[PDB]
Structures are given as C-alpha cells and as structure tokens.
>>> print(open('my_file14.cif').read())   # mmCIF, C-alpha atoms and all ligand atoms
data_structure
#
loop_
_atom_site.label_atom_id
_atom_site.label_comp_id
_atom_site.auth_asym_id
_atom_site.auth_seq_id
_atom_site.Cartn_x
_atom_site.Cartn_y
_atom_site.Cartn_z
CA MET I 1 73.73 39.64 4.43
CA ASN I 2 77.49 39.36 3.89
CA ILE I 3 80.64 39.42 6.06
CA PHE I 4 80.57 43.22 6.40
CA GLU I 5 76.95 43.32 7.57
CA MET I 6 77.51 40.28 9.80
CA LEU I 7 80.51 41.74 11.60
CA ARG I 8 78.80 45.14 11.83
CA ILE I 9 76.03 43.42 13.80
CA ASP I 10 78.43 41.45 16.00
CA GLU I 11 80.89 44.30 16.66
CA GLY I 12 78.67 47.40 16.65
CA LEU I 13 79.89 50.89 15.78
CA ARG I 14 81.37 53.32 18.29
CA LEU I 15 83.27 56.47 17.35
CA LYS I 16 85.10 56.99 20.67
CA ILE I 17 87.71 54.66 22.17
CA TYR I 18 86.00 51.95 24.23
CA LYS I 19 86.99 48.65 25.81
CA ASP I 20 85.97 45.46 24.02
CA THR I 21 84.52 42.36 25.72
CA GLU I 22 88.04 41.41 26.90
CA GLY I 23 88.72 44.88 28.34
CA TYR I 24 91.00 45.98 25.46
CA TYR I 25 90.99 49.44 23.89
CA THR I 26 89.05 49.40 20.65
CA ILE I 27 87.31 51.82 18.28
CA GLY I 28 84.98 51.80 15.34
CA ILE I 29 83.67 48.43 14.21
CA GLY I 30 85.70 46.28 16.47
CA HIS I 31 89.06 47.74 15.57
CA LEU I 32 91.34 46.48 18.32
CA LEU I 33 93.89 49.22 19.09
CA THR I 34 96.16 47.47 21.59
CA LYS I 35 96.12 45.02 24.47
CA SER I 36 98.06 47.58 26.57
CA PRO I 37 96.19 48.91 29.64
CA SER I 38 97.55 52.36 28.71
CA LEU I 39 94.97 54.71 27.20
CA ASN I 40 97.76 56.96 25.89
CA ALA I 41 99.23 53.93 24.11
CA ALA I 42 95.82 53.22 22.55
CA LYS I 43 95.48 56.84 21.41
CA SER I 44 98.90 56.60 19.72
CA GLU I 45 97.87 53.40 17.92
CA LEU I 46 94.67 55.15 16.83
CA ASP I 47 96.51 58.19 15.46
CA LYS I 48 98.93 55.87 13.62
CA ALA I 49 96.05 53.87 12.10
CA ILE I 50 94.06 56.95 10.99
CA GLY I 51 96.96 59.22 9.98
CA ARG I 52 96.01 62.28 12.04
CA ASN I 53 95.82 63.45 15.65
CA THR I 54 92.36 62.12 16.56
CA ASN I 55 92.29 62.77 20.31
CA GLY I 56 90.47 59.41 20.61
CA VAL I 57 87.53 60.22 18.30
CA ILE I 58 86.97 59.24 14.67
CA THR I 59 84.28 59.63 12.02
CA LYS I 60 81.97 56.95 10.61
CA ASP I 61 83.92 56.99 7.32
CA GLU I 62 87.18 56.47 9.23
CA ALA I 63 85.61 53.60 11.21
CA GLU I 64 84.45 51.99 7.98
CA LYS I 65 87.90 52.42 6.42
CA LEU I 66 89.61 50.56 9.30
CA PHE I 67 86.88 47.93 9.18
CA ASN I 68 87.42 47.20 5.49
CA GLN I 69 91.16 46.92 6.13
CA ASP I 70 90.59 44.60 9.11
CA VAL I 71 88.20 42.30 7.19
CA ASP I 72 90.54 42.17 4.17
CA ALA I 73 93.56 41.45 6.40
CA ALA I 74 91.64 38.67 8.23
CA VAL I 75 90.89 36.93 4.92
CA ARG I 76 94.45 37.38 3.58
CA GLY I 77 95.78 35.93 6.83
CA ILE I 78 93.56 32.85 6.61
CA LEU I 79 94.88 32.22 3.10
CA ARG I 80 98.47 32.48 4.42
CA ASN I 81 97.84 29.97 7.22
CA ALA I 82 98.53 26.35 6.18
CA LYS I 83 96.12 25.01 8.82
CA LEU I 84 93.24 27.37 7.99
CA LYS I 85 93.43 27.75 4.19
CA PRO I 86 92.35 24.20 3.28
CA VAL I 87 89.29 24.38 5.54
CA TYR I 88 88.38 27.86 4.32
CA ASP I 89 88.73 26.82 0.67
CA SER I 90 86.53 23.75 1.32
CA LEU I 91 83.63 25.93 2.50
CA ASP I 92 80.77 27.68 0.73
CA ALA I 93 80.71 31.51 0.89
CA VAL I 94 78.25 31.75 3.82
CA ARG I 95 80.34 29.46 6.02
CA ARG I 96 83.50 31.31 4.87
CA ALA I 97 81.94 34.42 6.42
CA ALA I 98 81.50 32.56 9.71
CA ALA I 99 85.20 31.63 9.53
CA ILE I 100 86.22 35.24 8.89
CA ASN I 101 84.02 36.33 11.82
CA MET I 102 85.86 34.03 14.25
CA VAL I 103 89.31 35.07 13.04
CA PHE I 104 88.31 38.76 13.22
CA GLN I 105 87.27 38.23 16.85
CA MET I 106 90.07 36.02 18.12
CA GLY I 107 92.89 36.14 15.61
CA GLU I 108 94.70 33.17 14.11
CA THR I 109 96.31 32.38 17.49
CA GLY I 110 92.87 32.54 19.12
CA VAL I 111 91.65 29.69 16.91
CA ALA I 112 94.74 27.46 17.38
CA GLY I 113 92.84 25.17 19.74
CA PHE I 114 90.00 24.65 17.22
CA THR I 115 91.81 21.83 15.38
CA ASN I 116 89.03 19.30 16.01
CA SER I 117 86.26 21.72 14.97
CA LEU I 118 88.24 22.55 11.83
CA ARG I 119 88.47 18.86 10.88
CA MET I 120 84.71 18.43 11.36
CA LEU I 121 84.03 21.50 9.20
CA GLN I 122 86.35 20.15 6.47
CA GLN I 123 84.42 16.85 6.71
CA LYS I 124 81.12 18.79 6.42
CA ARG I 125 79.91 17.14 9.62
CA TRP I 126 77.91 20.23 10.43
CA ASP I 127 75.98 19.26 13.57
CA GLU I 128 79.08 17.64 15.11
CA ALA I 129 81.18 20.70 14.25
CA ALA I 130 78.54 22.90 15.86
CA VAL I 131 78.64 20.85 19.09
CA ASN I 132 82.45 20.92 19.13
CA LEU I 133 82.62 24.69 18.50
CA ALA I 134 80.60 25.39 21.66
CA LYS I 135 83.08 23.54 23.91
CA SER I 136 85.21 26.64 24.10
CA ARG I 137 86.18 29.71 26.09
CA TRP I 138 84.84 31.64 23.09
CA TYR I 139 81.32 30.29 23.50
CA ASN I 140 81.28 30.70 27.28
CA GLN I 141 82.51 34.31 27.23
CA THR I 142 80.46 35.48 24.21
CA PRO I 143 77.61 32.96 23.94
CA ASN I 144 75.11 35.05 22.01
CA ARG I 145 77.61 35.89 19.29
CA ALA I 146 79.04 32.36 19.30
CA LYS I 147 75.51 30.91 18.91
CA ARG I 148 74.99 33.10 15.80
CA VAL I 149 78.32 32.14 14.27
CA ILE I 150 77.78 28.46 15.11
CA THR I 151 74.27 28.48 13.56
CA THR I 152 75.86 29.93 10.42
CA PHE I 153 78.36 27.04 10.30
CA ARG I 154 75.64 24.50 11.09
CA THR I 155 73.15 25.63 8.45
CA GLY I 156 75.09 27.50 5.77
CA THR I 157 72.34 30.14 5.96
CA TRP I 158 72.05 33.65 7.35
CA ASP I 159 69.10 32.74 9.61
CA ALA I 160 70.90 33.81 12.80
CA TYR I 161 71.37 37.37 11.47
CA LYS I 162 67.85 37.70 9.99
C1 LIG I 201 89.77 29.36 8.20
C2 LIG I 201 88.71 28.89 9.19
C3 LIG I 201 87.77 27.94 8.80
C4 LIG I 201 86.79 27.52 9.69
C5 LIG I 201 86.77 28.06 10.98
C6 LIG I 201 87.72 29.01 11.37
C7 LIG I 201 87.70 29.59 12.78
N1 LIG I 201 88.20 28.58 13.74
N2 LIG I 201 87.61 27.43 13.83
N3 LIG I 201 87.00 26.29 13.88
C8 LIG I 201 88.69 29.43 10.47
#
>>> encode(input="my_file14.cif", output="structure tokens")
Amino acid sequence: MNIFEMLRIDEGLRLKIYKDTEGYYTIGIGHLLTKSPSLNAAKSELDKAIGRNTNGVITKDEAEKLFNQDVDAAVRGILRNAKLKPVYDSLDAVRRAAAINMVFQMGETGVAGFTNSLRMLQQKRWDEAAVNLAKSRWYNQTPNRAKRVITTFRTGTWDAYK
C-alpha cells in the first residue's frame, strides 16, 4: 500500500464524467472538474485538463495522468501551507498518506476546521486525534472512507486498506 493505491481504493476509477459524493462533476480517479452545475462547463474543464476534445470520456492512462498530478499538487500544497506543513513533517510516511488523502478529498479549505485534530496529531495523541477527527461533517457524510483514514491515523498501519 501507498498513497496512490489508497486513493485509488477510496476514489475508484471511472472513465466518463460522473458526479462525486457532493454532486460535483468529476472524472477518473476523483479528479474534480468543477463545482459548477453546468455539464458543458465540466466538459470544457475536462478538455482543458487533458489537452484534447474528449467529449466527456477519457482513457485509463489519461485518468492516471490527472491522478498523479492531483496527488503531487496535494502534497506540494500541504508543504506551502504554514498550518499544515509542521504537522505533515512531524508524521511518519503512513500517516502522511492519510493526511494527503484528506486534503485530496476536501482541499486545504476543507480542513480549515480541523485545527484541534491537527494539534492532537502533532502531539501524537493518536486515539484522541481519532475521536476528534470523527466529530466532523466529513465523517458523517463519508463515514466508511473516514473510518479507513482515521484508522490509518490511529494506528500508523495500512490495516484499514488490507
Ligand atoms: C497536513 C495534514 C496533516 C494531518 C491531517 C491533515 C488533514 N486535516 N486534518 N486533521 C493534513
């Protein structure tokens, strides 16, 4: 297991435009296209991201290309965020993957309210962090995924992903 395999499990792979858990147009391995309710707008974003007229369909290779970009960009972002970098740097590689997973799903703005969880993670208070992480919209809306990510933070193992 690693961050790519972990997110592939959590996000799936679909080659046609679909709506994510929040109802937003998405393709590939959780590549968010836009929050616009306009399918035409999503198709434009897709064509821009891929560099050809896709008509809303891509290949597995193209999906994997966007995915690698999205994972890389999520990491680079964390490192650019003064609140997130110190916690990320304090973690082992397995828990870093859990961190990347959350930022991939919700963005840096999506984790702005996780200040108290972040402190507990920095303190390596793993069971307390795990309890705090679940007191969230995130957990309530996507509990099965959140349970996997939280177990990863709690244990520093890949047990939740087999
Ligand atoms: C950079 C980073 C470290 C640990 C967790 C998260 C996700 N949000 N929370 N808690 C981000």
>>> residues_near_ligand(input="my_file14.cif", ligand="ligand LIG 201 (chain I)", cutoff="6 Å", atoms="all atoms listed in the file", output="list in words")
residues 78, 84, 85, 87, 88, 99, 102, 103, 111, 114, 117 and 118 of chain I
>>> atom_distance(input="my_file14.cif", atom1="CA of residue 91 (chain I)", atom2="CA of residue 126 (chain I)")
11.3 Å
>>> residues_near_point(input="my_file14.cif", point="(96.6, 52.2, 26.1)", cutoff="12 Å", atoms="all atoms listed in the file", output="PyMOL selection string")
chain I and resi 17-19+23-26+32-46+56
>>> axis_aligned_box(input="my_file14.cif", around="region 27-39 of chain I", padding_each_side="5 Å", output="AutoDock Vina command-line options")
--center_x 90.9 --center_y 49.9 --center_z 21.9 --size_x 24.4 --size_y 19.7 --size_z 25.4
>>> residues_around(input="my_file14.cif", residues="region 8-14 of chain I", least_positions_apart="5", cutoff="10 Å", atoms="all atoms listed in the file", output="MDAnalysis selection string")
chainID I and resid 2:3 20:21 26:31 57:60 63:64 67 101 104:105 144:146 148:149 161
>>> atom_distance(input="my_file14.cif", atom1="CA of residue 131 (chain I)", atom2="CA of residue 150 (chain I)")
8.6 Å
>>> atom_distance(input="my_file14.cif", atom1="CA of residue 71 (chain I)", atom2="CA of residue 128 (chain I)")
27.5 Å
>>> residues_near_point(input="my_file14.cif", point="(86.7, 26.4, 3.7)", cutoff="12 Å", atoms="only C-alpha atoms", output="PDB file with C-alpha atoms, in the coordinates of the input")
ATOM      1  CA  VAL I  75      90.890  36.930   4.920  1.00  0.00           C
ATOM      2  CA  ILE I  78      93.560  32.850   6.610  1.00  0.00           C
ATOM      3  CA  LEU I  79      94.880  32.220   3.100  1.00  0.00           C
ATOM      4  CA  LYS I  83      96.120  25.010   8.820  1.00  0.00           C
ATOM      5  CA  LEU I  84      93.240  27.370   7.990  1.00  0.00           C
ATOM      6  CA  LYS I  85      93.430  27.750   4.190  1.00  0.00           C
ATOM      7  CA  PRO I  86      92.350  24.200   3.280  1.00  0.00           C
ATOM      8  CA  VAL I  87      89.290  24.380   5.540  1.00  0.00           C
ATOM      9  CA  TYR I  88      88.380  27.860   4.320  1.00  0.00           C
ATOM     10  CA  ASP I  89      88.730  26.820   0.670  1.00  0.00           C
ATOM     11  CA  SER I  90      86.530  23.750   1.320  1.00  0.00           C
ATOM     12  CA  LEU I  91      83.630  25.930   2.500  1.00  0.00           C
ATOM     13  CA  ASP I  92      80.770  27.680   0.730  1.00  0.00           C
ATOM     14  CA  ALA I  93      80.710  31.510   0.890  1.00  0.00           C
ATOM     15  CA  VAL I  94      78.250  31.750   3.820  1.00  0.00           C
ATOM     16  CA  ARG I  95      80.340  29.460   6.020  1.00  0.00           C
ATOM     17  CA  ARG I  96      83.500  31.310   4.870  1.00  0.00           C
ATOM     18  CA  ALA I  97      81.940  34.420   6.420  1.00  0.00           C
ATOM     19  CA  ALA I  98      81.500  32.560   9.710  1.00  0.00           C
ATOM     20  CA  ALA I  99      85.200  31.630   9.530  1.00  0.00           C
ATOM     21  CA  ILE I 100      86.220  35.240   8.890  1.00  0.00           C
ATOM     22  CA  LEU I 118      88.240  22.550  11.830  1.00  0.00           C
ATOM     23  CA  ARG I 119      88.470  18.860  10.880  1.00  0.00           C
ATOM     24  CA  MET I 120      84.710  18.430  11.360  1.00  0.00           C
ATOM     25  CA  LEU I 121      84.030  21.500   9.200  1.00  0.00           C
ATOM     26  CA  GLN I 122      86.350  20.150   6.470  1.00  0.00           C
ATOM     27  CA  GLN I 123      84.420  16.850   6.710  1.00  0.00           C
ATOM     28  CA  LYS I 124      81.120  18.790   6.420  1.00  0.00           C
ATOM     29  CA  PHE I 153      78.360  27.040  10.300  1.00  0.00           C
ATOM     30  CA  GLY I 156      75.090  27.500   5.770  1.00  0.00           C
TER      31      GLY I 156
END
>>> residues_around(input="my_file14.cif", residues="residue 1 (chain I)", least_positions_apart="4", cutoff="8 Å", atoms="all atoms listed in the file", output="PyMOL selection string")
chain I and resi 5-6+158+161
>>> residues_around(input="my_file14.cif", residues="residue 130 (chain I)", least_positions_apart="3", cutoff="6 Å", atoms="all atoms listed in the file", output="list in words")
residues 127, 133, 150 and 154 of chain I
>>> decode(input="my_file14.cif", residues="region 69-150 of chain I", atoms="C-alpha atoms", output="PDB file, in the first residue's frame")
ATOM      1  CA  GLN I  69      -0.846  15.455 -10.968  1.00  0.00           C
ATOM      2  CA  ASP I  70      -3.595  15.755  -8.341  1.00  0.00           C
ATOM      3  CA  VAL I  71      -1.671  13.738  -5.721  1.00  0.00           C
ATOM      4  CA  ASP I  72       1.557  15.675  -6.395  1.00  0.00           C
ATOM      5  CA  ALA I  73      -0.295  19.017  -6.211  1.00  0.00           C
ATOM      6  CA  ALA I  74      -1.978  17.997  -2.916  1.00  0.00           C
ATOM      7  CA  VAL I  75       1.416  17.266  -1.336  1.00  0.00           C
ATOM      8  CA  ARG I  76       3.021  20.457  -2.713  1.00  0.00           C
ATOM      9  CA  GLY I  77       0.092  22.450  -1.335  1.00  0.00           C
ATOM     10  CA  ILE I  78       0.429  20.956   2.145  1.00  0.00           C
ATOM     11  CA  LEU I  79       4.103  21.972   2.151  1.00  0.00           C
ATOM     12  CA  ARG I  80       3.098  25.540   1.175  1.00  0.00           C
ATOM     13  CA  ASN I  81       0.541  25.817   3.992  1.00  0.00           C
ATOM     14  CA  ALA I  82       2.027  27.166   7.242  1.00  0.00           C
ATOM     15  CA  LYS I  83      -0.664  25.436   9.334  1.00  0.00           C
ATOM     16  CA  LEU I  84      -0.364  22.033   7.644  1.00  0.00           C
ATOM     17  CA  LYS I  85       3.372  21.688   6.910  1.00  0.00           C
ATOM     18  CA  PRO I  86       4.551  21.331  10.528  1.00  0.00           C
ATOM     19  CA  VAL I  87       2.009  18.587  11.248  1.00  0.00           C
ATOM     20  CA  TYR I  88       2.762  16.789   7.987  1.00  0.00           C
ATOM     21  CA  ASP I  89       6.515  16.934   8.612  1.00  0.00           C
ATOM     22  CA  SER I  90       6.002  15.561  12.145  1.00  0.00           C
ATOM     23  CA  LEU I  91       4.320  12.416  10.813  1.00  0.00           C
ATOM     24  CA  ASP I  92       5.616   9.042   9.629  1.00  0.00           C
ATOM     25  CA  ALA I  93       5.038   8.155   5.947  1.00  0.00           C
ATOM     26  CA  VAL I  94       1.886   6.061   6.534  1.00  0.00           C
ATOM     27  CA  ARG I  95       0.155   8.851   8.451  1.00  0.00           C
ATOM     28  CA  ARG I  96       1.378  11.357   5.831  1.00  0.00           C
ATOM     29  CA  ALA I  97      -0.634   9.341   3.305  1.00  0.00           C
ATOM     30  CA  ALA I  98      -3.734   9.707   5.489  1.00  0.00           C
ATOM     31  CA  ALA I  99      -3.108  13.471   5.513  1.00  0.00           C
ATOM     32  CA  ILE I 100      -2.766  13.591   1.731  1.00  0.00           C
ATOM     33  CA  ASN I 101      -5.992  11.558   1.431  1.00  0.00           C
ATOM     34  CA  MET I 102      -7.973  14.130   3.436  1.00  0.00           C
ATOM     35  CA  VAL I 103      -6.564  17.097   1.519  1.00  0.00           C
ATOM     36  CA  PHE I 104      -7.238  15.323  -1.802  1.00  0.00           C
ATOM     37  CA  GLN I 105     -10.876  14.864  -0.741  1.00  0.00           C
ATOM     38  CA  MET I 106     -11.628  18.208   0.851  1.00  0.00           C
ATOM     39  CA  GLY I 107      -8.898  20.617  -0.134  1.00  0.00           C
ATOM     40  CA  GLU I 108      -6.915  22.863   2.195  1.00  0.00           C
ATOM     41  CA  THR I 109     -10.023  24.986   2.876  1.00  0.00           C
ATOM     42  CA  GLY I 110     -11.977  21.809   3.658  1.00  0.00           C
ATOM     43  CA  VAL I 111      -9.600  21.010   6.519  1.00  0.00           C
ATOM     44  CA  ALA I 112      -9.531  24.551   7.994  1.00  0.00           C
ATOM     45  CA  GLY I 113     -11.800  23.491  10.861  1.00  0.00           C
ATOM     46  CA  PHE I 114      -9.512  20.568  11.809  1.00  0.00           C
ATOM     47  CA  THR I 115      -7.212  22.735  13.969  1.00  0.00           C
ATOM     48  CA  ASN I 116      -7.820  20.678  17.120  1.00  0.00           C
ATOM     49  CA  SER I 117      -7.315  17.339  15.334  1.00  0.00           C
ATOM     50  CA  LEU I 118      -4.114  18.701  13.799  1.00  0.00           C
ATOM     51  CA  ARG I 119      -2.748  19.632  17.239  1.00  0.00           C
ATOM     52  CA  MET I 120      -3.530  16.151  18.574  1.00  0.00           C
ATOM     53  CA  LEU I 121      -1.784  14.557  15.578  1.00  0.00           C
ATOM     54  CA  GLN I 122       1.277  16.790  16.109  1.00  0.00           C
ATOM     55  CA  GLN I 123       1.218  15.685  19.775  1.00  0.00           C
ATOM     56  CA  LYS I 124       0.983  12.021  18.647  1.00  0.00           C
ATOM     57  CA  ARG I 125      -2.119  11.592  20.795  1.00  0.00           C
ATOM     58  CA  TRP I 126      -3.439   9.062  18.330  1.00  0.00           C
ATOM     59  CA  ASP I 127      -6.617   7.773  19.988  1.00  0.00           C
ATOM     60  CA  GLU I 128      -7.679  11.306  20.962  1.00  0.00           C
ATOM     61  CA  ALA I 129      -6.966  12.558  17.440  1.00  0.00           C
ATOM     62  CA  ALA I 130      -9.047   9.707  16.058  1.00  0.00           C
ATOM     63  CA  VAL I 131     -12.008  10.631  18.291  1.00  0.00           C
ATOM     64  CA  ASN I 132     -11.702  14.307  17.346  1.00  0.00           C
ATOM     65  CA  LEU I 133     -11.472  13.558  13.600  1.00  0.00           C
ATOM     66  CA  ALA I 134     -14.858  11.813  13.659  1.00  0.00           C
ATOM     67  CA  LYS I 135     -16.656  14.888  15.064  1.00  0.00           C
ATOM     68  CA  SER I 136     -16.978  16.285  11.576  1.00  0.00           C
ATOM     69  CA  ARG I 137     -19.193  16.774   8.548  1.00  0.00           C
ATOM     70  CA  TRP I 138     -16.558  14.697   6.738  1.00  0.00           C
ATOM     71  CA  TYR I 139     -17.150  11.638   8.900  1.00  0.00           C
ATOM     72  CA  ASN I 140     -20.935  11.941   8.823  1.00  0.00           C
ATOM     73  CA  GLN I 141     -21.163  12.321   5.036  1.00  0.00           C
ATOM     74  CA  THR I 142     -18.498   9.734   4.130  1.00  0.00           C
ATOM     75  CA  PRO I 143     -18.220   7.503   7.211  1.00  0.00           C
ATOM     76  CA  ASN I 144     -16.768   4.390   5.608  1.00  0.00           C
ATOM     77  CA  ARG I 145     -13.934   6.313   3.980  1.00  0.00           C
ATOM     78  CA  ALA I 146     -13.431   8.481   7.070  1.00  0.00           C
ATOM     79  CA  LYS I 147     -13.210   5.345   9.260  1.00  0.00           C
ATOM     80  CA  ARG I 148     -10.422   3.991   6.994  1.00  0.00           C
ATOM     81  CA  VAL I 149      -8.495   7.252   7.025  1.00  0.00           C
ATOM     82  CA  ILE I 150      -8.976   7.646  10.788  1.00  0.00           C
TER      83      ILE I 150
END
